[PDB]
Amino acid sequence: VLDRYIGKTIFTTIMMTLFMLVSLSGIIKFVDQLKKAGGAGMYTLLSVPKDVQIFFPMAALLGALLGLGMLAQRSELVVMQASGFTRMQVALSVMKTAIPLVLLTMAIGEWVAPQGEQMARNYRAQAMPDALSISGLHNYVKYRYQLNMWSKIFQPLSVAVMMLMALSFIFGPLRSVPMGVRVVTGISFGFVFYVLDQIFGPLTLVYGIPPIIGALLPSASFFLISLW
Amino acid sequence: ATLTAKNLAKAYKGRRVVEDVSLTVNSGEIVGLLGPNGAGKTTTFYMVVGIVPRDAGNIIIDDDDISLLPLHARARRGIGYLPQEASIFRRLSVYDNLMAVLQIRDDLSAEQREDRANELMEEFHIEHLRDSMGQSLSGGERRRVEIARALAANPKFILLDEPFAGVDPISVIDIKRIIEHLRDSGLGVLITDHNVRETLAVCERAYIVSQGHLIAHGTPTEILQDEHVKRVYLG
Amino acid sequence: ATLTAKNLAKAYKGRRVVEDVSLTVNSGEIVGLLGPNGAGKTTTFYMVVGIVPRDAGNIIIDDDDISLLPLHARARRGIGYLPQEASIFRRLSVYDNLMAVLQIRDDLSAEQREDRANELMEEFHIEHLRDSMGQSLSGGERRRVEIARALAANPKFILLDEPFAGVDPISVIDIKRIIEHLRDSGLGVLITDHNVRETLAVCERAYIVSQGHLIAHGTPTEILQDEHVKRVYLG
Amino acid sequence: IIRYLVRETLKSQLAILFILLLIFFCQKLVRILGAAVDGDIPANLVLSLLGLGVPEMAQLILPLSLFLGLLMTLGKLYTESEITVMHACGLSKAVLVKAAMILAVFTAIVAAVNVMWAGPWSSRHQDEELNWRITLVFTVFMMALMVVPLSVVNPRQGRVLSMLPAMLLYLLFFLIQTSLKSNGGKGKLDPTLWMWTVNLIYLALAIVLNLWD
């Protein structure tokens, strides 16, 4: 089944790209923390699952596009289109194997990644908040970020739109056999959605809005933008 | 059914390659598209199936103009395509490829799917490589399973480019029998090849293309009689 | 000069494919290596040129046993290879490819390099595509410039795999004339092909391989007379 | 000439360098770059954010850029089987390692300036041992020698998994290399000089794999 095949190749490259990002950023933090402060062997898993929660969907973009392009260069996607695949392979394959990989990142950030930084906080005691649930927000309403963490909770679909029209640009390319010259433009033209979507948030409040549809409009407009 | 193109054209960087190419195929018909190197066959196939943006022409199924509609909905309308360069899946096995293509067939259950897959592997004689991984086959079995995964979708019309590339002649005559038996089923096929002395034995009529100019068409005896194309393409 | 292999063997995952394959070629000799699908031709070529680790055999130039020496020093000793699948450079142009290969030729200056490149582009008739970029050519010109960049190195021995893949017959007879003129220059060639009715017209003698078993060898009339290989490979 | 190697791989070099510099600044180029349009506009807010984090991520990602961009497209060359005929025209590994050291010394000048002339800028706009400048121009000088035989992908057993033995060896490098420099102290302070040896012991298992005799 092409579902489990394209899931196999994207999962095997997506572990690679996630490792390549988070093991890099771990030593990014390691070099200046052991530059200034400090002592031997805790700093790596000091900050892993919150770095997973941060760098997951960008790694999803990069790995899904790069692996699907390396598969795509050898004409497999054009012959599976020739047999009769459509946007359905996108819809029920790459989504179907990528958003179950973001459900457990939501699980890691709801279940243990706040404790994943609590362990770092109470291990700070030898030296010298954008991660929460509804249990503070509805009293913050009486006390802004009124639905900003609500939008933070709502991201299996923002990553879906993030990835979807991005790899719609790699669903096509057919000038000769175009050889990955434009997967960089695909990740480029898809990268600006964090530039727009998170910053459309502060634009909602200035003229009066319900922030539910204030968050659901920029995520779903780009869902509707490129349904080829 | 009938697929017809009318005065196709395609170019890039000024160097035009296709001018006024037209073609006509009915349901249950074996038409051929021979021609010299760089004649325009695969680009004509690209304009038929909707790989490249066409500059002029009319792709129509005699009543529905699909000429600005892309490839996936064209294949859902029922054309079949085979790539010139090899395009098998490169981690699967052979039965994995065939059954995975046959999952899209929305007319029969999975026991008839594996039945049809067993029929196709028996009928191409690849059962003694049926569980080898895909990317490491040889060229003969690779082109043979290309033709298998192409024929497995059962379209109305089917387009091939060099189906005889790197194939031993016994399997060539085998594939000849398979395509003519599907002609007995009544399914129109379009073929481009270079082994002319095995291509002409199966084809009914044959368009001949030379640098956009559809310079000849007719029966095998007339296109062999043509001293023009014997100078241009046969030798 | 003379290249000789003695009882080659190669296997993977238990399924053996090559057993006791031997071959013999002299300087100035056209030997062929026909066979059905999965016979072992490209693996035999791999063991000759030193792509795969051989399990048994003796690659020797009749006086120097290079059978455990890798490919780059083998090509410096003077064998020539052409890949089965297409392996052109995929951003260069044609003249860029040819002159870049001819930079390695340590026998003549750059004006004779561009002279030889002009001779080769004239002699394959690719001057009207000589400045197109590499990866977007068609299959005929791609295989033709493969044979060009292969012949440009001028080795003593040269190995081809399917040199007639996707080539129109006029250029086929052209390449036939080129290789037989280099046989008049006295350079031994080894050929694997599937177009037998054009392959036998040029070859002197022809080894025939079927699943490791070198089941036949001899003149074209005897290997066409063989009712065994007419059952096995011809049909 | 076949100089094409450096001309092709420098595209991947720059591509992976820019696409990995805009990542790791995603949560800054979103947050403060968006809040600056409405909230506050001085020059040294966006200039401060440009000055944030650029030297260490330059000096760390640009070696990664080299040994990952030299892995990517040169492995595409391996798996499209082009070195098997380039190799087969009287060449050897010498031409690939010569092209690798040429592109590595072409990036050695930017790997030199983003420390030597980014240091005083780091002091002035970040306050708001000298063997290290040889080790850093050496660690780009070694990956060009290290990854060229390590991802030597066969046409029939190919994969992208080959990046793992080229990244974890750099990680076992760079966990140790900077930790041994946090030992000791600042400038003329003196830790153990085994950092004179870990570079050499990596040159050793670079050069054996490049020899293969």
# chains A, B, ... in the order shown; residues from 1 in each chain; ligands from 1
$ residues_around --residues "residue 123 (chain A)" --least-positions-apart "4" --cutoff "10 Å" --atoms "only C-alpha atoms" --output "number ranges by chain"
A: 42, 46, 117-119, 127
$ write_last_selection --atoms "N, CA and C atoms" --output "compact mmCIF listing (two decimals), in the first residue's frame"
# COMPACT_ATOMS: atom_id res chain seq x y z
N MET A 42 24.37 16.13 32.41
CA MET A 42 22.92 16.28 32.47
C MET A 42 22.35 17.22 31.42
N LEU A 46 18.67 17.71 29.68
CA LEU A 46 18.11 18.84 30.40
C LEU A 46 16.89 19.41 29.67
N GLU A 117 10.73 20.63 31.88
CA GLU A 117 11.48 21.78 32.34
C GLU A 117 11.42 21.98 33.85
N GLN A 118 10.44 21.38 34.54
CA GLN A 118 10.46 21.38 36.00
C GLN A 118 11.68 20.65 36.55
N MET A 119 12.09 19.58 35.86
CA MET A 119 13.29 18.86 36.26
C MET A 119 14.53 19.73 36.11
N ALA A 127 23.51 25.57 40.93
CA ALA A 127 24.09 26.77 40.36
C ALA A 127 23.86 27.93 41.31
$ closest_atom_pairs --of "chain A" --to "chain D" --cutoff "7 Å" --atoms "only C-alpha atoms" --output "tab-separated table"
residue	atom	partner	partner_atom	distance
A:31	CA	D:178	CA	6.8
A:34	CA	D:182	CA	6.6
A:35	CA	D:182	CA	5.9
A:194	CA	D:30	CA	6.4
A:195	CA	D:30	CA	5.3
A:199	CA	D:34	CA	5.7
$ residues_around --residues "region 50-67 of chain B" --least-positions-apart "3" --cutoff "8 Å" --atoms "only C-alpha atoms" --output "ChimeraX atom specification"
/A:174-175 /B:1-11,43,46-47,70-71,74
$ write_last_selection --atoms "C-alpha atoms" --output "PDB file, in the first residue's frame"
ATOM      1  CA  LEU A 174       7.105  18.865 -14.544  1.00  0.00           C
ATOM      2  CA  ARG A 175       9.294  21.100 -16.757  1.00  0.00           C
TER       3      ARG A 175
ATOM      4  CA  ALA B   1     -14.443   5.892 -27.239  1.00  0.00           C
ATOM      5  CA  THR B   2     -11.975   8.134 -29.094  1.00  0.00           C
ATOM      6  CA  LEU B   3      -9.042  10.351 -28.088  1.00  0.00           C
ATOM      7  CA  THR B   4      -8.017  13.059 -30.546  1.00  0.00           C
ATOM      8  CA  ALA B   5      -5.431  15.832 -30.521  1.00  0.00           C
ATOM      9  CA  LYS B   6      -5.570  18.729 -32.984  1.00  0.00           C
ATOM     10  CA  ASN B   7      -2.486  20.794 -33.914  1.00  0.00           C
ATOM     11  CA  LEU B   8      -0.313  20.501 -30.843  1.00  0.00           C
ATOM     12  CA  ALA B   9       2.618  22.842 -30.293  1.00  0.00           C
ATOM     13  CA  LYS B  10       5.389  23.061 -27.714  1.00  0.00           C
ATOM     14  CA  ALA B  11       8.649  24.979 -27.486  1.00  0.00           C
ATOM     15  CA  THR B  43       6.697  15.723 -25.547  1.00  0.00           C
ATOM     16  CA  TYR B  46       3.438  15.003 -22.223  1.00  0.00           C
ATOM     17  CA  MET B  47       0.910  17.260 -23.929  1.00  0.00           C
ATOM     18  CA  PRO B  70      -4.313  18.140 -15.177  1.00  0.00           C
ATOM     19  CA  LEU B  71      -3.048  14.602 -15.213  1.00  0.00           C
ATOM     20  CA  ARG B  74      -7.119  12.737 -16.780  1.00  0.00           C
TER      21      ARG B  74
END
$ closest_residue --among "D:107, D:131, D:154, D:59" --to "chain C" --atoms "only C-alpha atoms"
D:154
$ interface_residues --of "chain B" --to "chain A" --cutoff "6 Å" --atoms "only C-alpha atoms" --output "list in words"
residues 51, 72, 75, 76, 81, 87 and 100 of chain B
$ interface_residues --of "chain B" --to "chain C" --cutoff "8 Å" --atoms "only C-alpha atoms" --output "MDAnalysis selection string"
chainID B and resid 35:38 138:141 162 165:170 193:195 233:235
$ interface_residues --of "chain D" --to "chain C" --cutoff "12 Å" --atoms "only C-alpha atoms" --output "MDAnalysis selection string"
chainID D and resid 1:5 7:9 73 76:95 154:156 212:213
$ closest_residue --among "A:24, A:187, A:168, A:178" --to "residue 135 (chain C)" --atoms "only C-alpha atoms"
A:178
$ select_by_dssp --residues "region 127-204 of chain C" --states "strand (DSSP E or B)" --output "list in words"
residues 133, 157, 158, 159, 188, 189, 190 and 191 of chain C
$ residues_around --residues "residue 18 (chain A)" --least-positions-apart "2" --cutoff "8 Å" --atoms "only C-alpha atoms" --output "list in words"
residues 14, 15, 16, 20, 21, 22, 52, 55, 56, 59 and 60 of chain A
$ write_last_selection --atoms "N, CA, C and O atoms" --output "PDB file, in the first residue's frame"
ATOM      1  N   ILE A  14      12.205  11.633   8.541  1.00  0.00           N
ATOM      2  CA  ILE A  14      11.765  12.662   9.461  1.00  0.00           C
ATOM      3  C   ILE A  14      12.469  12.458  10.792  1.00  0.00           C
ATOM      4  O   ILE A  14      12.787  13.440  11.479  1.00  0.00           O
ATOM      5  N   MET A  15      12.804  11.200  11.133  1.00  0.00           N
ATOM      6  CA  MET A  15      13.636  10.958  12.305  1.00  0.00           C
ATOM      7  C   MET A  15      15.020  11.551  12.105  1.00  0.00           C
ATOM      8  O   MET A  15      15.596  12.125  13.040  1.00  0.00           O
ATOM      9  N   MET A  16      15.521  11.488  10.871  1.00  0.00           N
ATOM     10  CA  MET A  16      16.831  12.037  10.552  1.00  0.00           C
ATOM     11  C   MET A  16      16.858  13.542  10.723  1.00  0.00           C
ATOM     12  O   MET A  16      17.755  14.086  11.376  1.00  0.00           O
ATOM     13  N   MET A  20      18.835  15.761  13.487  1.00  0.00           N
ATOM     14  CA  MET A  20      19.796  16.738  12.998  1.00  0.00           C
ATOM     15  C   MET A  20      19.514  18.131  13.529  1.00  0.00           C
ATOM     16  O   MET A  20      20.446  18.911  13.751  1.00  0.00           O
ATOM     17  N   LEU A  21      18.253  18.453  13.784  1.00  0.00           N
ATOM     18  CA  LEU A  21      17.987  19.749  14.396  1.00  0.00           C
ATOM     19  C   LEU A  21      18.203  19.731  15.905  1.00  0.00           C
ATOM     20  O   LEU A  21      18.890  20.611  16.445  1.00  0.00           O
ATOM     21  N   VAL A  22      17.605  18.767  16.612  1.00  0.00           N
ATOM     22  CA  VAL A  22      17.555  18.941  18.058  1.00  0.00           C
ATOM     23  C   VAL A  22      18.885  18.579  18.695  1.00  0.00           C
ATOM     24  O   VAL A  22      19.275  19.206  19.683  1.00  0.00           O
ATOM     25  N   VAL A  52      11.813  19.292  21.318  1.00  0.00           N
ATOM     26  CA  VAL A  52      11.002  18.522  20.383  1.00  0.00           C
ATOM     27  C   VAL A  52       9.728  19.280  20.046  1.00  0.00           C
ATOM     28  O   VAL A  52       9.361  19.414  18.872  1.00  0.00           O
ATOM     29  N   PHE A  55      10.860  22.366  17.743  1.00  0.00           N
ATOM     30  CA  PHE A  55      11.382  22.103  16.414  1.00  0.00           C
ATOM     31  C   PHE A  55      10.688  20.979  15.685  1.00  0.00           C
ATOM     32  O   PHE A  55      11.213  20.557  14.656  1.00  0.00           O
ATOM     33  N   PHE A  56       9.553  20.461  16.160  1.00  0.00           N
ATOM     34  CA  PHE A  56       8.923  19.372  15.412  1.00  0.00           C
ATOM     35  C   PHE A  56       8.342  19.788  14.063  1.00  0.00           C
ATOM     36  O   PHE A  56       8.721  19.176  13.052  1.00  0.00           O
ATOM     37  N   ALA A  59      10.804  20.689  11.289  1.00  0.00           N
ATOM     38  CA  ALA A  59      11.453  19.472  10.833  1.00  0.00           C
ATOM     39  C   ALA A  59      10.507  18.628  10.003  1.00  0.00           C
ATOM     40  O   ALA A  59      10.948  17.941   9.079  1.00  0.00           O
ATOM     41  N   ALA A  60       9.209  18.696  10.299  1.00  0.00           N
ATOM     42  CA  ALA A  60       8.222  17.981   9.507  1.00  0.00           C
ATOM     43  C   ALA A  60       8.181  18.523   8.094  1.00  0.00           C
ATOM     44  O   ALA A  60       8.224  17.756   7.125  1.00  0.00           O
TER      45      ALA A  60
END
$ residues_around --residues "region 143-147 of chain A" --least-positions-apart "4" --cutoff "7 Å" --atoms "only C-alpha atoms" --output "ChimeraX atom specification"
/A:139,151,211
$ write_last_selection --atoms "N, CA, C and O atoms" --output "PDB file, in the first residue's frame"
ATOM      1  N   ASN A 139      -9.065  32.059  34.148  1.00  0.00           N
ATOM      2  CA  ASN A 139      -8.912  33.038  35.213  1.00  0.00           C
ATOM      3  C   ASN A 139      -8.007  34.191  34.814  1.00  0.00           C
ATOM      4  O   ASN A 139      -8.147  35.289  35.363  1.00  0.00           O
ATOM      5  N   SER A 151      -4.766  28.836  20.536  1.00  0.00           N
ATOM      6  CA  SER A 151      -4.181  28.605  19.222  1.00  0.00           C
ATOM      7  C   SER A 151      -2.932  27.736  19.297  1.00  0.00           C
ATOM      8  O   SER A 151      -2.618  27.029  18.336  1.00  0.00           O
ATOM      9  N   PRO A 211     -11.779  35.635  19.083  1.00  0.00           N
ATOM     10  CA  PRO A 211     -10.454  35.084  18.740  1.00  0.00           C
ATOM     11  C   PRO A 211     -10.478  33.641  18.258  1.00  0.00           C
ATOM     12  O   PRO A 211      -9.473  33.193  17.690  1.00  0.00           O
TER      13      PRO A 211
END
$ atom_distance --atom1 "CA of residue 109 (chain B)" --atom2 "CA of residue 147 (chain B)"
22.8 Å
$ atom_distance --atom1 "CA of residue 126 (chain A)" --atom2 "CA of residue 54 (chain A)"
26.9 Å
$ select_by_dssp --residues "region 106-211 of chain A" --states "helix (DSSP H, G or I)" --output "PyMOL selection string"
chain A and resi 106-111+113-122+124-126+134-142+148-153+157-171+183-207+211
$ write_last_selection --atoms "C-alpha atoms" --output "mmCIF file, in the first residue's frame"
data_model
loop_
_atom_site.group_PDB
_atom_site.id
_atom_site.type_symbol
_atom_site.label_atom_id
_atom_site.label_comp_id
_atom_site.auth_asym_id
_atom_site.auth_seq_id
_atom_site.Cartn_x
_atom_site.Cartn_y
_atom_site.Cartn_z
ATOM 1 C CA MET A 106 0.886 17.623 21.756
ATOM 2 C CA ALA A 107 0.895 14.711 24.209
ATOM 3 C CA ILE A 108 4.505 15.402 25.182
ATOM 4 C CA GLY A 109 3.778 19.111 25.701
ATOM 5 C CA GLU A 110 0.611 18.437 27.681
ATOM 6 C CA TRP A 111 1.889 15.496 29.744
ATOM 7 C CA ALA A 113 7.408 18.601 28.827
ATOM 8 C CA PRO A 114 6.346 21.136 31.509
ATOM 9 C CA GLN A 115 7.698 18.548 33.918
ATOM 10 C CA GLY A 116 10.550 18.245 31.420
ATOM 11 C CA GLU A 117 11.476 21.785 32.336
ATOM 12 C CA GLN A 118 10.463 21.385 36.005
ATOM 13 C CA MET A 119 13.292 18.857 36.263
ATOM 14 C CA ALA A 120 15.679 21.474 34.880
ATOM 15 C CA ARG A 121 14.325 24.122 37.266
ATOM 16 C CA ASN A 122 14.730 22.018 40.389
ATOM 17 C CA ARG A 124 19.221 24.491 38.871
ATOM 18 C CA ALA A 125 19.758 24.414 42.682
ATOM 19 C CA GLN A 126 23.469 23.569 42.336
ATOM 20 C CA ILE A 134 -6.787 25.798 30.187
ATOM 21 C CA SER A 135 -6.244 25.660 33.984
ATOM 22 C CA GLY A 136 -4.855 29.202 34.120
ATOM 23 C CA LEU A 137 -6.348 30.813 31.072
ATOM 24 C CA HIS A 138 -9.997 31.266 32.025
ATOM 25 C CA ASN A 139 -8.912 33.038 35.213
ATOM 26 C CA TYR A 140 -6.392 35.080 33.227
ATOM 27 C CA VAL A 141 -9.513 36.226 31.338
ATOM 28 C CA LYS A 142 -10.715 37.857 34.545
ATOM 29 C CA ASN A 148 -3.047 32.610 22.098
ATOM 30 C CA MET A 149 -2.365 29.413 23.993
ATOM 31 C CA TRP A 150 -5.711 28.164 22.671
ATOM 32 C CA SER A 151 -4.181 28.605 19.222
ATOM 33 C CA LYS A 152 -1.034 26.935 20.577
ATOM 34 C CA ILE A 153 -3.117 23.916 21.587
ATOM 35 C CA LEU A 157 -4.264 21.522 11.522
ATOM 36 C CA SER A 158 -1.864 24.436 11.324
ATOM 37 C CA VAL A 159 0.941 21.968 10.661
ATOM 38 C CA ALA A 160 -1.371 20.301 8.130
ATOM 39 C CA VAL A 161 -1.886 23.561 6.244
ATOM 40 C CA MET A 162 1.814 24.384 6.812
ATOM 41 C CA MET A 163 2.816 21.164 5.079
ATOM 42 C CA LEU A 164 -0.077 20.810 2.676
ATOM 43 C CA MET A 165 0.257 23.735 0.297
ATOM 44 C CA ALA A 166 4.019 23.413 0.745
ATOM 45 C CA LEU A 167 4.107 19.944 -0.752
ATOM 46 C CA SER A 168 1.464 20.990 -3.244
ATOM 47 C CA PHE A 169 4.358 22.828 -4.845
ATOM 48 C CA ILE A 170 6.191 19.480 -5.065
ATOM 49 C CA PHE A 171 3.061 17.631 -6.228
ATOM 50 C CA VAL A 183 12.051 22.400 -3.113
ATOM 51 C CA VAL A 184 14.090 25.210 -1.548
ATOM 52 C CA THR A 185 11.517 27.644 -2.928
ATOM 53 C CA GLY A 186 8.769 25.382 -1.628
ATOM 54 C CA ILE A 187 10.098 25.477 1.916
ATOM 55 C CA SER A 188 10.778 29.210 1.407
ATOM 56 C CA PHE A 189 7.264 30.131 0.231
ATOM 57 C CA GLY A 190 5.855 27.854 2.932
ATOM 58 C CA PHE A 191 8.101 29.182 5.676
ATOM 59 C CA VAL A 192 6.380 32.575 5.901
ATOM 60 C CA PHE A 193 3.301 31.063 7.502
ATOM 61 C CA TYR A 194 4.907 31.307 10.897
ATOM 62 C CA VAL A 195 5.773 34.873 9.931
ATOM 63 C CA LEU A 196 2.123 35.570 9.141
ATOM 64 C CA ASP A 197 -0.019 33.245 11.277
ATOM 65 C CA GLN A 198 1.465 33.904 14.703
ATOM 66 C CA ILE A 199 1.663 37.624 13.917
ATOM 67 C CA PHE A 200 -1.873 37.829 12.530
ATOM 68 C CA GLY A 201 -2.747 37.064 16.164
ATOM 69 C CA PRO A 202 -1.854 40.556 17.425
ATOM 70 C CA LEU A 203 -3.762 42.013 14.454
ATOM 71 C CA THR A 204 -7.043 40.407 15.579
ATOM 72 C CA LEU A 205 -7.497 42.365 18.810
ATOM 73 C CA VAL A 206 -7.168 45.885 17.417
ATOM 74 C CA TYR A 207 -10.704 46.176 15.984
ATOM 75 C CA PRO A 211 -10.454 35.084 18.740
#
$ residues_around --residues "residue 206 (chain C)" --least-positions-apart "4" --cutoff "7 Å" --atoms "only C-alpha atoms" --output "list in words"
residues 31, 32, 33, 217, 218 and 219 of chain C
$ residues_around --residues "residue 104 (chain D)" --least-positions-apart "3" --cutoff "12 Å" --atoms "only C-alpha atoms" --output "MDAnalysis selection string"
chainID D and resid 6 9:10 13 62:67 69:70 96:101 107:112 137:146
$ atom_distance --atom1 "CA of residue 58 (chain D)" --atom2 "CA of residue 57 (chain A)"
23.2 Å
